[PDB]
Amino acid sequence: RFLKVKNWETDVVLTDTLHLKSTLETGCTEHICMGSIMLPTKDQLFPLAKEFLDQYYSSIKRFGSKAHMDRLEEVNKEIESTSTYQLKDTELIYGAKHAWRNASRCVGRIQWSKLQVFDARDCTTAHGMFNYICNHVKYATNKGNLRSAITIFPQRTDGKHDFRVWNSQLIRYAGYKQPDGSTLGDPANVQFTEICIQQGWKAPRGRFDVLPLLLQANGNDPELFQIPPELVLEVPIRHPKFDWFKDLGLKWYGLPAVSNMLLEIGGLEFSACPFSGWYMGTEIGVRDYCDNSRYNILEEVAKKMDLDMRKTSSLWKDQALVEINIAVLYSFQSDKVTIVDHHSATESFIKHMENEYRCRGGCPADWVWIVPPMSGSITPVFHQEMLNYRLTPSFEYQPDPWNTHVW
Amino acid sequence: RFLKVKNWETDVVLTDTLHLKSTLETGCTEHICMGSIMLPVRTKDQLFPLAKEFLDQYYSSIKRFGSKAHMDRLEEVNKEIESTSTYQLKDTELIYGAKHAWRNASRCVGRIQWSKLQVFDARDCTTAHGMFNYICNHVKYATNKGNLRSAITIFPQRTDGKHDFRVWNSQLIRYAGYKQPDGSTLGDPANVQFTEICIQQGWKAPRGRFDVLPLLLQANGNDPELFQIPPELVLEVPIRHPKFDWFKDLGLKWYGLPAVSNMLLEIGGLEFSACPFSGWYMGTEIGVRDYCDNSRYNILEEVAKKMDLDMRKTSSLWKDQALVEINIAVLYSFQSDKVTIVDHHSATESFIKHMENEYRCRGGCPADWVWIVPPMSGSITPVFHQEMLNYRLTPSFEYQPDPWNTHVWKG
Ligand code: HEM
Ligand code: HEM
Ligand SMILES: Cc1cc(N)nc(COc2cccc(CNCCc3cccc(F)c3)c2)c1
Ligand SMILES: Cc1cc(N)nc(COc2cccc(CNCCc3cccc(F)c3)c2)c1
Ligand SMILES: C[C@H](O)[C@H](O)[C@H]1CNc2nc(N)[nH]c(=O)c2N1
Ligand SMILES: C[C@H](O)[C@H](O)[C@H]1CNc2nc(N)[nH]c(=O)c2N1
Ligand SMILES: [Zn+2]
């Protein structure tokens, strides 16, 4: 019930107590571990609300004060009356920061307290969402000097009035299936790209076309907007040694901005809460560029390097993979767009894990996602035992809206 | 119940019913996943159910379930347990049980090979000298001049737990680690503690960077005894790189035969506390872990120096670059000397075929993703994108405490 985690490289042992405050379930049981699975009324609301406010007032050192009891009372009164409630700005900021702090799959949580929170709870239309989002992108991009931020649209009500950003990221490239048989652009995005075409977008049918936004306000049908081109910072990818590399025509965008998740604070559900930081290099180089299901460019690079592709045991893939990742980091650094490498990112998370054990009693972490997708065991997270559990406030997955939308 | 696992690269979806035959526990709950934790006398009472369940599994596999032979064997084991309190496995059951422990080893990426396992029955062994001889024969048979063959040797089972057979070495072949007064380590830092035990017991340590450790063998609960593996029995490979001629001058080598000697083999409630087994290496086990862990040989700096990589910032990926070069060297050397080795691409692709096949013919394949995924280039190997259910089946291999923590010394 009081759990220990060992780091097998440093022998440092930490004691986890925070896990007892765990509320949601994992997918696992005593009989079966589901660690590698990608996706495992008035009644319930007040307990959820109280649980939250209790932690909030405890965090500001006013646990059991009149202000505390007053708010508890106040919120209770509002739920009984309105069947929901509203968070104070302070509570909203705190909630959102803590959903980040609690995301057990995020290697970048050392940063969790520097989140700029944009309260867009007054937004009513999809045009308004477009305005808030452009402001978010522009603030976050900060001419390549990236700052973390989240924009929070209004909370879910009866659930027929949801705000949704239909894009999975604010900034993503299109994907088109061709008669050709193969896929042009980003294969991860074919379906959503078809929804954009079938809502009216005129696709340029390039390899790297920035998707338009599909914004849904107040449960209405979603609308298309294009992010001003001048707000979408992009980096052309060159290698610091291979002159030919830039001839591959690769670019990526600078701003990672997840837009399809659901933020739950104190029982309240914010179904549109796009949030952003800055990239860890491997996210682009390893996954975006080299995944079979993605841009899949390893063969093309190995070829240009003239490696023996005859046998897997020449490790031509591994070699091409590293060079692609050197190129990503190099291109971003050259243009002064913030980026972190996996060595530096994971070292940061180990320091952060340690701060959270000594300051909070632990840190939920999901090893499967924390350990980078290349060079695993030469980063310190690999040797680090982690405990995975769910705390609230949290970010959660929600069904793609096209599967849900009453048209 | 039916459980599904998706492959996110191929969209292949599999269905597992085998997890329903699981008994042992995971250490996870509905509130906490312990999937990345490294290490999460029996009585007549528990014994017969465990025996019966094993023998039902056995008798099904040979299509004799419910036969008279089946029933008489249950009868016979029942009796033996009641009067003698344990029981003896037949050779064929022993063989089946050891194959199955391997098959059920959820952290093993090499299970495609599970049915080709030479079983050596050393249950007539009585002394440490007897153990030595069995182990030498194992090592010589498994090595097979570089054309490695899987094998296991199985010494007598636990009785009162006061008479255990144990191999104190953690692998049969392993390099001495020596702690220096200055605080640095000579040889393999993983094996420092055990090297001290060997020295304390009378080994004359050559004190090099690559000294093959002597065996420390306990028979029948007696104090362990020391023996040297005949050097001519120990196949080693000097490590060179195909383009980098300076690689050989690093002075690296490694042994050909990976042979785990510190696990417990549980079959039908019986506990085989000495059961050394050996296979062949996946390159990354030597090239990533043994050479480049900071707690092991730790040769990354030195390799990247010689390659003259920009070592000022980690974002040049100098570590990653050197790691690949070392791993190429390891595979290249073993291939050049005709010592069996598999690369991590080939190994993980074979496992995915094995795993699918196991889903078709067996109803599942317990797998531990934290362990199956290789320690380099994770995401470009097909296992990375494979969802996997982890659970425990018997027969099984288990950890057991190091014998120096538990042995009652006689003197
Ligand atoms: C500041 C730089 C940041 C870095 C380097 C970073 C890093 C990452 C990485 C590498 C992942 C792995 C998932 C994948 O491979 O796609 C991840 C997951 C995640 N991060 Fe971050 N992160 C950052 C900022 C943020 C921010 C600002 C938030 C939210 C406020 C956030 C919330 C998440 C969540 C919710 C997940 C996982 C979603 C899930 O459960 O599957 N991160 N992060
Ligand atoms: C055929 C060659 C084999 C290869 C390439 C292979 C590969 C591996 C690798 C890479 C691991 C991960 C452990 C680590 O990285 O330290 C492993 C684990 C294991 N393998 Fe194998 N294996 C082979 C044969 C065998 C054999 C013959 C057995 C026994 C019959 C066996 C039983 C195990 C067990 C028990 C584990 C996991 C230890 C644990 O639970 O922590 N393997 N295998
Ligand atoms: C804010 C931020 C910064 C940064 N450097 N990296 C990130 C990456 O975080 C996320 C968060 C949510 C989702 C994703 C995309 N990754 C896989 C999600 C997923 C789940 C289930 C099914 C899928 F097809 C895909 C990535 C986020
Ligand atoms: C038979 C065989 C072939 C092959 N290629 N590789 C192996 C490696 O498998 C094992 C099996 C058991 C133990 C080990 C040693 N490493 C993990 C055990 C362990 C536990 C706790 C802490 C550690 F540092 C190490 C490795 C075994
Ligand atoms: C099957 C497995 O859960 C899946 O491939 C995971 C593994 N680890 C990951 N880790 C990160 N950071 N991102 C991912 O998308 C995945 N995919
Ligand atoms: C803490 C973590 O579980 C530990 O480092 C594990 C991770 N995965 C591993 N995977 C393999 N194959 N071998 C190992 O020793 C480890 N170590
Ligand atoms: Zn689990």
# chains A, B, ... in the order shown; residues from 1 in each chain; ligands from 1
>>> closest_atom_pairs(of="chain B", to="ligand 7", cutoff="10 Å", atoms="only C-alpha atoms and all ligand atoms", output="JSON lines")
{"residue": "B:26", "atom": "CA", "partner": "ligand 7", "partner_atom_place_in_ligand_line": "1 (Zn)", "distance": 7.5}
{"residue": "B:27", "atom": "CA", "partner": "ligand 7", "partner_atom_place_in_ligand_line": "1 (Zn)", "distance": 7.7}
{"residue": "B:28", "atom": "CA", "partner": "ligand 7", "partner_atom_place_in_ligand_line": "1 (Zn)", "distance": 4.9}
{"residue": "B:29", "atom": "CA", "partner": "ligand 7", "partner_atom_place_in_ligand_line": "1 (Zn)", "distance": 7.1}
{"residue": "B:30", "atom": "CA", "partner": "ligand 7", "partner_atom_place_in_ligand_line": "1 (Zn)", "distance": 8.4}
{"residue": "B:31", "atom": "CA", "partner": "ligand 7", "partner_atom_place_in_ligand_line": "1 (Zn)", "distance": 9.4}
{"residue": "B:32", "atom": "CA", "partner": "ligand 7", "partner_atom_place_in_ligand_line": "1 (Zn)", "distance": 7.0}
{"residue": "B:33", "atom": "CA", "partner": "ligand 7", "partner_atom_place_in_ligand_line": "1 (Zn)", "distance": 3.6}
{"residue": "B:34", "atom": "CA", "partner": "ligand 7", "partner_atom_place_in_ligand_line": "1 (Zn)", "distance": 5.1}
{"residue": "B:35", "atom": "CA", "partner": "ligand 7", "partner_atom_place_in_ligand_line": "1 (Zn)", "distance": 4.5}
{"residue": "B:36", "atom": "CA", "partner": "ligand 7", "partner_atom_place_in_ligand_line": "1 (Zn)", "distance": 8.2}
{"residue": "B:37", "atom": "CA", "partner": "ligand 7", "partner_atom_place_in_ligand_line": "1 (Zn)", "distance": 9.7}
{"residue": "B:368", "atom": "CA", "partner": "ligand 7", "partner_atom_place_in_ligand_line": "1 (Zn)", "distance": 9.9}
{"residue": "B:389", "atom": "CA", "partner": "ligand 7", "partner_atom_place_in_ligand_line": "1 (Zn)", "distance": 9.2}
{"residue": "B:390", "atom": "CA", "partner": "ligand 7", "partner_atom_place_in_ligand_line": "1 (Zn)", "distance": 8.0}
{"residue": "B:391", "atom": "CA", "partner": "ligand 7", "partner_atom_place_in_ligand_line": "1 (Zn)", "distance": 9.6}
>>> closest_atom_pairs(of="chain A", to="chain B", cutoff="7 Å", atoms="only C-alpha atoms", output="Markdown table")
| residue | atom | partner | partner_atom | distance |
| --- | --- | --- | --- | --- |
| A:9 | CA | B:295 | CA | 6.0 |
| A:22 | CA | B:31 | CA | 6.6 |
| A:24 | CA | B:31 | CA | 7.0 |
| A:25 | CA | B:31 | CA | 5.0 |
| A:26 | CA | B:30 | CA | 5.2 |
| A:27 | CA | B:30 | CA | 6.2 |
| A:28 | CA | B:30 | CA | 5.2 |
| A:29 | CA | B:29 | CA | 4.4 |
| A:30 | CA | B:26 | CA | 5.2 |
| A:31 | CA | B:25 | CA | 5.2 |
| A:32 | CA | B:391 | CA | 4.9 |
| A:33 | CA | B:390 | CA | 5.1 |
| A:34 | CA | B:389 | CA | 5.9 |
| A:35 | CA | B:35 | CA | 5.9 |
| A:36 | CA | B:387 | CA | 5.3 |
| A:37 | CA | B:387 | CA | 5.3 |
| A:291 | CA | B:380 | CA | 6.8 |
| A:292 | CA | B:9 | CA | 6.7 |
| A:293 | CA | B:9 | CA | 5.8 |
| A:312 | CA | B:345 | CA | 6.5 |
| A:313 | CA | B:343 | CA | 5.7 |
| A:314 | CA | B:328 | CA | 6.1 |
| A:315 | CA | B:328 | CA | 6.4 |
| A:318 | CA | B:377 | CA | 6.2 |
| A:319 | CA | B:324 | CA | 6.6 |
| A:322 | CA | B:321 | CA | 6.6 |
| A:326 | CA | B:316 | CA | 6.2 |
| A:329 | CA | B:315 | CA | 6.7 |
| A:341 | CA | B:315 | CA | 5.7 |
| A:343 | CA | B:314 | CA | 6.5 |
| A:367 | CA | B:36 | CA | 6.3 |
| A:368 | CA | B:370 | CA | 6.5 |
| A:373 | CA | B:379 | CA | 4.9 |
| A:374 | CA | B:377 | CA | 4.2 |
| A:375 | CA | B:376 | CA | 4.2 |
| A:376 | CA | B:375 | CA | 4.9 |
| A:377 | CA | B:375 | CA | 5.1 |
| A:378 | CA | B:293 | CA | 6.5 |
| A:385 | CA | B:37 | CA | 5.3 |
| A:386 | CA | B:36 | CA | 6.0 |
| A:387 | CA | B:34 | CA | 5.8 |
| A:388 | CA | B:33 | CA | 5.1 |
| A:389 | CA | B:32 | CA | 5.0 |
>>> write_last_selection(atoms="N, CA and C atoms", output="short mmCIF file (atom, residue, chain, number, x, y, z; two decimals), in the first residue's frame")
data_model
loop_
_atom_site.label_atom_id
_atom_site.label_comp_id
_atom_site.auth_asym_id
_atom_site.auth_seq_id
_atom_site.Cartn_x
_atom_site.Cartn_y
_atom_site.Cartn_z
N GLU A 9 19.80 1.88 -12.60
CA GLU A 9 21.11 2.42 -12.98
C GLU A 9 21.73 3.18 -11.81
N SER A 22 -5.59 7.77 -5.94
CA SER A 22 -5.99 7.39 -7.31
C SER A 22 -7.49 7.15 -7.38
N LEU A 24 -9.70 6.98 -10.79
CA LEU A 24 -10.06 6.18 -11.98
C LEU A 24 -9.31 4.83 -12.01
N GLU A 25 -9.77 3.92 -12.87
CA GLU A 25 -9.19 2.59 -12.98
C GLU A 25 -8.23 2.46 -14.14
N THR A 26 -7.46 1.37 -14.19
CA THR A 26 -6.33 1.27 -15.14
C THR A 26 -6.56 0.44 -16.40
N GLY A 27 -7.44 -0.54 -16.33
CA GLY A 27 -7.50 -1.56 -17.37
C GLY A 27 -6.88 -2.87 -16.90
N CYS A 28 -5.96 -2.79 -15.95
CA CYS A 28 -5.31 -3.99 -15.40
C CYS A 28 -6.08 -4.63 -14.28
N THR A 29 -5.75 -5.89 -14.02
CA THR A 29 -6.23 -6.61 -12.86
C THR A 29 -5.06 -7.43 -12.29
N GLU A 30 -5.31 -8.16 -11.20
CA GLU A 30 -4.33 -9.10 -10.65
C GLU A 30 -4.01 -10.24 -11.62
N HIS A 31 -4.87 -10.46 -12.60
CA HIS A 31 -4.66 -11.56 -13.55
C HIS A 31 -4.07 -11.20 -14.89
N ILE A 32 -4.22 -9.94 -15.29
CA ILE A 32 -3.79 -9.53 -16.60
C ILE A 32 -3.35 -8.08 -16.60
N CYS A 33 -2.12 -7.84 -17.05
CA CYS A 33 -1.60 -6.47 -17.19
C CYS A 33 -1.97 -5.95 -18.57
N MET A 34 -2.53 -4.74 -18.63
CA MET A 34 -2.92 -4.12 -19.92
C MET A 34 -2.10 -2.88 -20.24
N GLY A 35 -0.90 -2.84 -19.65
CA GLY A 35 0.06 -1.75 -19.82
C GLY A 35 0.36 -1.33 -21.24
N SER A 36 0.41 -2.26 -22.18
CA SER A 36 0.67 -1.90 -23.59
C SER A 36 -0.54 -1.63 -24.49
N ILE A 37 -1.74 -1.56 -23.91
CA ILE A 37 -2.95 -1.28 -24.72
C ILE A 37 -3.02 0.23 -24.91
N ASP A 291 7.67 5.79 -39.15
CA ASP A 291 6.63 4.80 -38.96
C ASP A 291 6.16 4.37 -40.36
N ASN A 292 6.02 3.05 -40.52
CA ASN A 292 5.39 2.48 -41.70
C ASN A 292 4.12 3.19 -42.08
N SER A 293 3.18 3.27 -41.13
CA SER A 293 1.92 4.00 -41.33
C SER A 293 2.03 5.53 -41.49
N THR A 312 19.22 -7.22 -42.80
CA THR A 312 18.81 -6.35 -41.70
C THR A 312 19.96 -6.11 -40.73
N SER A 313 20.89 -7.06 -40.67
CA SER A 313 21.95 -7.08 -39.69
C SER A 313 23.08 -6.12 -39.99
N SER A 314 23.02 -5.44 -41.12
CA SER A 314 23.91 -4.31 -41.33
C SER A 314 23.38 -3.13 -40.51
N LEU A 315 22.17 -3.26 -39.96
CA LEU A 315 21.51 -2.19 -39.21
C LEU A 315 21.32 -0.90 -40.03
N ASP A 318 18.67 1.39 -38.66
CA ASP A 318 18.99 2.06 -37.41
C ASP A 318 19.82 3.26 -37.76
N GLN A 319 20.77 3.07 -38.68
CA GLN A 319 21.63 4.15 -39.16
C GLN A 319 20.91 5.29 -39.82
N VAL A 322 18.87 7.31 -37.18
CA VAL A 322 19.62 8.28 -36.38
C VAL A 322 19.88 9.55 -37.20
N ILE A 326 18.99 13.33 -36.40
CA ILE A 326 19.98 14.41 -36.31
C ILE A 326 19.49 15.60 -37.15
N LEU A 329 16.63 17.71 -35.43
CA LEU A 329 17.11 18.56 -34.36
C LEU A 329 17.89 19.73 -34.97
N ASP A 341 15.85 17.37 -27.42
CA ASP A 341 16.18 15.99 -27.78
C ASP A 341 15.76 15.01 -26.67
N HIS A 343 17.45 12.77 -25.13
CA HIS A 343 18.41 12.65 -24.02
C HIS A 343 18.06 13.68 -22.96
N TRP A 367 5.54 3.90 -18.40
CA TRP A 367 6.86 3.60 -18.94
C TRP A 367 6.82 3.40 -20.47
N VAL A 368 5.80 2.67 -20.93
CA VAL A 368 5.64 2.36 -22.34
C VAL A 368 5.68 3.63 -23.20
N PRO A 373 11.12 6.36 -28.52
CA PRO A 373 10.98 5.26 -29.50
C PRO A 373 12.27 4.87 -30.20
N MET A 374 13.39 5.54 -29.85
CA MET A 374 14.70 5.13 -30.29
C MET A 374 15.69 5.28 -29.10
N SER A 375 16.74 4.45 -29.10
CA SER A 375 17.81 4.51 -28.10
C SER A 375 17.31 4.39 -26.66
N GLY A 376 16.21 3.67 -26.49
CA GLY A 376 15.61 3.43 -25.18
C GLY A 376 16.55 3.32 -23.99
N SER A 377 17.44 2.33 -23.99
CA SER A 377 18.20 2.05 -22.79
C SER A 377 19.40 2.97 -22.56
N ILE A 378 19.67 3.90 -23.45
CA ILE A 378 20.73 4.89 -23.15
C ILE A 378 20.15 6.21 -22.59
N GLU A 385 11.95 2.37 -12.78
CA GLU A 385 10.64 1.83 -12.48
C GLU A 385 9.67 2.97 -12.31
N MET A 386 8.47 2.79 -12.85
CA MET A 386 7.42 3.81 -12.76
C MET A 386 6.13 3.16 -12.33
N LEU A 387 5.28 3.88 -11.62
CA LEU A 387 3.97 3.36 -11.25
C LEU A 387 2.98 4.14 -12.05
N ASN A 388 2.05 3.40 -12.66
CA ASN A 388 1.04 4.04 -13.46
C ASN A 388 -0.33 4.00 -12.79
N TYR A 389 -0.93 5.18 -12.66
CA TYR A 389 -2.25 5.35 -12.08
C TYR A 389 -2.84 6.66 -12.54
#
>>> closest_atom_pairs(of="chain A", to="ligand 3", cutoff="6 Å", atoms="only C-alpha atoms and all ligand atoms", output="tab-separated table")
residue	atom	partner	partner_atom_place_in_ligand_line	distance
A:38	CA	ligand 3	21 (C)	5.8
A:39	CA	ligand 3	21 (C)	5.9
A:256	CA	ligand 3	3 (C)	4.9
A:257	CA	ligand 3	1 (C)	5.1
A:258	CA	ligand 3	1 (C)	5.6
A:275	CA	ligand 3	1 (C)	5.6
A:276	CA	ligand 3	1 (C)	3.9
A:277	CA	ligand 3	3 (C)	4.4
A:278	CA	ligand 3	5 (N)	4.6
A:279	CA	ligand 3	5 (N)	3.6
A:280	CA	ligand 3	5 (N)	5.3
>>> write_last_selection(atoms="N, CA and C atoms", output="PDB file, in the first residue's frame")
ATOM      1  N   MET A  38      -3.158   0.691 -26.153  1.00  0.00           N
ATOM      2  CA  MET A  38      -3.294   2.127 -26.426  1.00  0.00           C
ATOM      3  C   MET A  38      -4.453   2.843 -25.715  1.00  0.00           C
ATOM      4  N   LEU A  39      -5.656   2.241 -25.753  1.00  0.00           N
ATOM      5  CA  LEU A  39      -6.899   2.828 -25.216  1.00  0.00           C
ATOM      6  C   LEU A  39      -7.753   1.812 -24.469  1.00  0.00           C
ATOM      7  N   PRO A 256       3.514  21.745 -31.615  1.00  0.00           N
ATOM      8  CA  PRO A 256       2.687  20.578 -31.326  1.00  0.00           C
ATOM      9  C   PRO A 256       1.505  20.967 -30.458  1.00  0.00           C
ATOM     10  N   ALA A 257       0.305  20.654 -30.926  1.00  0.00           N
ATOM     11  CA  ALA A 257      -0.883  21.240 -30.345  1.00  0.00           C
ATOM     12  C   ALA A 257      -2.044  20.265 -30.391  1.00  0.00           C
ATOM     13  N   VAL A 258      -2.244  19.541 -29.290  1.00  0.00           N
ATOM     14  CA  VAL A 258      -3.235  18.450 -29.288  1.00  0.00           C
ATOM     15  C   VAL A 258      -4.591  19.055 -29.092  1.00  0.00           C
ATOM     16  N   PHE A 275      -4.291  22.187 -26.598  1.00  0.00           N
ATOM     17  CA  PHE A 275      -3.131  22.562 -25.751  1.00  0.00           C
ATOM     18  C   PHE A 275      -1.810  22.323 -26.471  1.00  0.00           C
ATOM     19  N   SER A 276      -0.765  23.121 -26.175  1.00  0.00           N
ATOM     20  CA  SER A 276       0.461  23.023 -26.923  1.00  0.00           C
ATOM     21  C   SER A 276       1.739  23.223 -26.109  1.00  0.00           C
ATOM     22  N   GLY A 277       2.844  22.715 -26.649  1.00  0.00           N
ATOM     23  CA  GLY A 277       4.151  22.838 -26.001  1.00  0.00           C
ATOM     24  C   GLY A 277       5.161  23.008 -27.108  1.00  0.00           C
ATOM     25  N   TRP A 278       6.156  22.153 -27.130  1.00  0.00           N
ATOM     26  CA  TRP A 278       7.141  22.150 -28.193  1.00  0.00           C
ATOM     27  C   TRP A 278       7.598  20.713 -28.295  1.00  0.00           C
ATOM     28  N   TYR A 279       8.126  20.367 -29.463  1.00  0.00           N
ATOM     29  CA  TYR A 279       8.488  19.001 -29.776  1.00  0.00           C
ATOM     30  C   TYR A 279       9.744  18.472 -29.084  1.00  0.00           C
ATOM     31  N   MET A 280       9.696  17.181 -28.761  1.00  0.00           N
ATOM     32  CA  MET A 280      10.857  16.331 -28.539  1.00  0.00           C
ATOM     33  C   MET A 280      11.179  15.798 -29.920  1.00  0.00           C
TER      34      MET A 280
END
>>> residues_around(residues="residue A:362", least_positions_apart="3", cutoff="12 Å", atoms="only C-alpha atoms", output="mmCIF file with C-alpha atoms, in the first residue's frame")
data_model
loop_
_atom_site.group_PDB
_atom_site.id
_atom_site.type_symbol
_atom_site.label_atom_id
_atom_site.label_comp_id
_atom_site.auth_asym_id
_atom_site.auth_seq_id
_atom_site.Cartn_x
_atom_site.Cartn_y
_atom_site.Cartn_z
ATOM 1 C CA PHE A 2 3.083 2.283 0.279
ATOM 2 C CA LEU A 3 4.988 1.484 -2.900
ATOM 3 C CA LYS A 4 8.622 1.692 -3.831
ATOM 4 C CA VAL A 5 10.186 2.325 -7.235
ATOM 5 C CA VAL A 13 14.609 4.190 -4.497
ATOM 6 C CA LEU A 14 11.491 6.369 -4.123
ATOM 7 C CA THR A 15 8.397 5.685 -2.027
ATOM 8 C CA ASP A 16 5.037 6.264 -3.664
ATOM 9 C CA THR A 17 2.086 7.345 -1.523
ATOM 10 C CA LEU A 18 0.290 9.556 -4.045
ATOM 11 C CA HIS A 19 -1.205 6.462 -5.665
ATOM 12 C CA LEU A 20 -3.694 6.075 -2.799
ATOM 13 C CA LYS A 21 -5.385 9.249 -4.002
ATOM 14 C CA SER A 22 -5.988 7.393 -7.307
ATOM 15 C CA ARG A 101 0.845 17.405 -14.010
ATOM 16 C CA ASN A 102 -1.207 14.230 -13.886
ATOM 17 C CA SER A 104 1.288 9.866 -16.861
ATOM 18 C CA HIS A 352 10.922 16.068 -12.233
ATOM 19 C CA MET A 353 9.995 12.580 -11.081
ATOM 20 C CA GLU A 354 12.313 13.112 -8.108
ATOM 21 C CA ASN A 355 10.792 16.535 -7.289
ATOM 22 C CA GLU A 356 7.286 15.014 -7.389
ATOM 23 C CA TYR A 357 8.216 12.087 -5.161
ATOM 24 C CA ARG A 358 9.645 14.414 -2.538
ATOM 25 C CA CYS A 359 7.015 17.148 -2.901
ATOM 26 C CA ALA A 365 4.222 7.562 -15.152
ATOM 27 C CA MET A 386 7.424 3.813 -12.761
ATOM 28 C CA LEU A 387 3.968 3.362 -11.253
ATOM 29 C CA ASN A 388 1.040 4.044 -13.458
ATOM 30 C CA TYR A 389 -2.251 5.350 -12.076
ATOM 31 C CA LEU A 391 -5.463 11.077 -10.989
#
>>> closest_atom_pairs(of="chain A", to="ligand 1", cutoff="7 Å", atoms="only C-alpha atoms and all ligand atoms", output="JSON lines")
{"residue": "A:96", "atom": "CA", "partner": "ligand 1", "partner_atom_place_in_ligand_line": "30 (C)", "distance": 6.9}
{"residue": "A:97", "atom": "CA", "partner": "ligand 1", "partner_atom_place_in_ligand_line": "30 (C)", "distance": 6.6}
{"residue": "A:99", "atom": "CA", "partner": "ligand 1", "partner_atom_place_in_ligand_line": "30 (C)", "distance": 6.9}
{"residue": "A:100", "atom": "CA", "partner": "ligand 1", "partner_atom_place_in_ligand_line": "30 (C)", "distance": 4.4}
{"residue": "A:103", "atom": "CA", "partner": "ligand 1", "partner_atom_place_in_ligand_line": "35 (C)", "distance": 5.1}
{"residue": "A:104", "atom": "CA", "partner": "ligand 1", "partner_atom_place_in_ligand_line": "40 (O)", "distance": 6.9}
{"residue": "A:105", "atom": "CA", "partner": "ligand 1", "partner_atom_place_in_ligand_line": "37 (C)", "distance": 4.8}
{"residue": "A:106", "atom": "CA", "partner": "ligand 1", "partner_atom_place_in_ligand_line": "43 (N)", "distance": 3.7}
{"residue": "A:107", "atom": "CA", "partner": "ligand 1", "partner_atom_place_in_ligand_line": "7 (C)", "distance": 4.8}
{"residue": "A:108", "atom": "CA", "partner": "ligand 1", "partner_atom_place_in_ligand_line": "4 (C)", "distance": 4.0}
{"residue": "A:109", "atom": "CA", "partner": "ligand 1", "partner_atom_place_in_ligand_line": "23 (C)", "distance": 6.6}
{"residue": "A:111", "atom": "CA", "partner": "ligand 1", "partner_atom_place_in_ligand_line": "1 (C)", "distance": 6.1}
{"residue": "A:112", "atom": "CA", "partner": "ligand 1", "partner_atom_place_in_ligand_line": "27 (C)", "distance": 6.9}
{"residue": "A:115", "atom": "CA", "partner": "ligand 1", "partner_atom_place_in_ligand_line": "27 (C)", "distance": 6.5}
{"residue": "A:148", "atom": "CA", "partner": "ligand 1", "partner_atom_place_in_ligand_line": "27 (C)", "distance": 5.0}
{"residue": "A:149", "atom": "CA", "partner": "ligand 1", "partner_atom_place_in_ligand_line": "27 (C)", "distance": 6.0}
{"residue": "A:150", "atom": "CA", "partner": "ligand 1", "partner_atom_place_in_ligand_line": "30 (C)", "distance": 6.3}
{"residue": "A:275", "atom": "CA", "partner": "ligand 1", "partner_atom_place_in_ligand_line": "29 (C)", "distance": 5.4}
{"residue": "A:276", "atom": "CA", "partner": "ligand 1", "partner_atom_place_in_ligand_line": "27 (C)", "distance": 4.8}
{"residue": "A:277", "atom": "CA", "partner": "ligand 1", "partner_atom_place_in_ligand_line": "1 (C)", "distance": 3.9}
{"residue": "A:278", "atom": "CA", "partner": "ligand 1", "partner_atom_place_in_ligand_line": "2 (C)", "distance": 4.5}
{"residue": "A:279", "atom": "CA", "partner": "ligand 1", "partner_atom_place_in_ligand_line": "5 (C)", "distance": 5.1}
{"residue": "A:280", "atom": "CA", "partner": "ligand 1", "partner_atom_place_in_ligand_line": "5 (C)", "distance": 4.7}
{"residue": "A:283", "atom": "CA", "partner": "ligand 1", "partner_atom_place_in_ligand_line": "15 (O)", "distance": 5.9}
{"residue": "A:340", "atom": "CA", "partner": "ligand 1", "partner_atom_place_in_ligand_line": "5 (C)", "distance": 6.5}
{"residue": "A:345", "atom": "CA", "partner": "ligand 1", "partner_atom_place_in_ligand_line": "5 (C)", "distance": 6.6}
{"residue": "A:369", "atom": "CA", "partner": "ligand 1", "partner_atom_place_in_ligand_line": "12 (C)", "distance": 5.8}
{"residue": "A:370", "atom": "CA", "partner": "ligand 1", "partner_atom_place_in_ligand_line": "12 (C)", "distance": 6.7}
{"residue": "A:395", "atom": "CA", "partner": "ligand 1", "partner_atom_place_in_ligand_line": "35 (C)", "distance": 5.3}
{"residue": "A:396", "atom": "CA", "partner": "ligand 1", "partner_atom_place_in_ligand_line": "40 (O)", "distance": 6.6}
>>> residues_around(residues="residue A:57", least_positions_apart="2", cutoff="12 Å", atoms="only C-alpha atoms", output="NGL selection string")
:A and (50-55 or 59-72 or 90-91 or 94-95)
>>> residues_near_ligand(ligand="ligand 4", cutoff="8 Å", atoms="only C-alpha atoms and all ligand atoms", output="list in words")
residues 8 of chain A; 38, 39, 108, 110, 150, 170, 171, 190, 258, 259, 260, 262, 263, 277, 278, 279, 280, 281, 282, 285 and 399 of chain B
